[PDB]
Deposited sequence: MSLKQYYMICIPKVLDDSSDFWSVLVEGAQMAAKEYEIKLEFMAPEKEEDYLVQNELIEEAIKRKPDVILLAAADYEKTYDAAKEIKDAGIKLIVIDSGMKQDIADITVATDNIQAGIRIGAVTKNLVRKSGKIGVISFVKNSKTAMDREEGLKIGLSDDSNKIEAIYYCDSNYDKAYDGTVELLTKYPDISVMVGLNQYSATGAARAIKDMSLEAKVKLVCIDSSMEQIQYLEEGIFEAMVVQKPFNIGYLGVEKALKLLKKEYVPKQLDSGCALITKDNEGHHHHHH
């Protein structure tokens, strides 16, 4: 039996992204008779702890490590040792700047923020400014989302008043939302770039009694996730996990696999 170790950014499971990704990879391991362990820090942003867990992963002598890189530049400090241990690397969800993945399975994050940027441009057509709640500034999925966002806003990208980084923590999302809507009464659209961010913004907007003054759009977990959002981009975490496993299989079989697979996402809109 093949031995694979999955290293998400967290195993939260109030998280509907991380929860379903795990289900998809455990369904693939089931379907293919794979031995699969999970190892993850307690927080998304704890790359130092994620690096320790990769080192630990490597000493377990798995055939494959699947890795959602906590940090676009610093994860490599530990993941650079994976190849040379004779282990296959699949990157799932969130890449590195360094080109070491054997395969990457992710959403197109740039196009996700672009489609939510374009919804937001239409909302502030006449007026309004924009507040953003991001998550972990240095993860590649945050970067691609915020870049996308600004691209889809075109000329209107100067309407972003501020960007707050909650580091994937629901109470920081809430606080930073309160701080922004206090400081910029001209914000008529809030953007949350992941579920933590969006959820904390929607509560804060609720507690502030702003729900018919400030609209909320987000990039979100999955087709599971709810209203007084008025648009959301939904990913396919089940497929990210499923495919990461399945196609790790091709590599070990010495068989052709693309170096990048696009997991796909959809925009839903309240009308």
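task = Pop the missing stretches of the deposited sequence into a list, counting residues from 1 and keeping sequence order.
result = The deposited sequence has unmodelled segments at 1 to 4, 230 to 234, 281 to 289.
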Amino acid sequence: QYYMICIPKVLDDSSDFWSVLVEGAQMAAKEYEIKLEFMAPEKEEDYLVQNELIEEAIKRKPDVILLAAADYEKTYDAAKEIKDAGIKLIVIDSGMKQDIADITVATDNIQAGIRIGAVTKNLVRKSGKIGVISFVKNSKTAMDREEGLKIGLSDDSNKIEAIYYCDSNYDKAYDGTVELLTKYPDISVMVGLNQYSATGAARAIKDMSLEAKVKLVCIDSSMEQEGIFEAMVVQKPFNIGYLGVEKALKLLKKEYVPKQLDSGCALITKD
From here on, numbers count along this sequence of modelled residues.
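ask   = Out of 29 to 37 and 50 to 58, which one has CA B-factors that are higher on average in the deposited record?
value = Per the PDB entry, the higher value belongs to 29 to 37.
key: Higher-scoring stretch by recorded Cα B factor average, 7 to 15 or 20 to 28   = Going by the record's values, the stretch with the higher mean is 7 to 15.
message = I'd like to know which of 91, 191, 123, 112 has the highest C-alpha temperature factor in the PDB entry.
response = Of the candidates given, the C-alpha B-factor peaks at 123.
key: Residue with maximal Cα B-factor (values as given in the PDB entry) among 195, 139, 177, 127   = In this record, 127 carries the highest C-alpha B-factor of the candidates.
ask   = Going by the entry, which third of its chain does the Cα temperature factor of residue 153 land in?
value = For residue 153, the deposited C-alpha B-factor lands in the middle third.
Among modelled residues of the same chain, the CA temperature factor third for residue 85 = Its C-alpha B-factor belongs to the highest third of this chain's values.
CA B-factor placement of residue 117, once the chain's modelled residues are sorted into thirds = Middle third by C-alpha B-factor.
key: Record-listed C-alpha B factor of residue 159: chain third   = Middle third - that is where residue 159 ends up once the chain's C-alpha B-factors are sorted.
key: Assigned third (lowest, middle, highest) for the C-alpha B factor of residue 244   = CA B-factor rank for residue 244: middle third.
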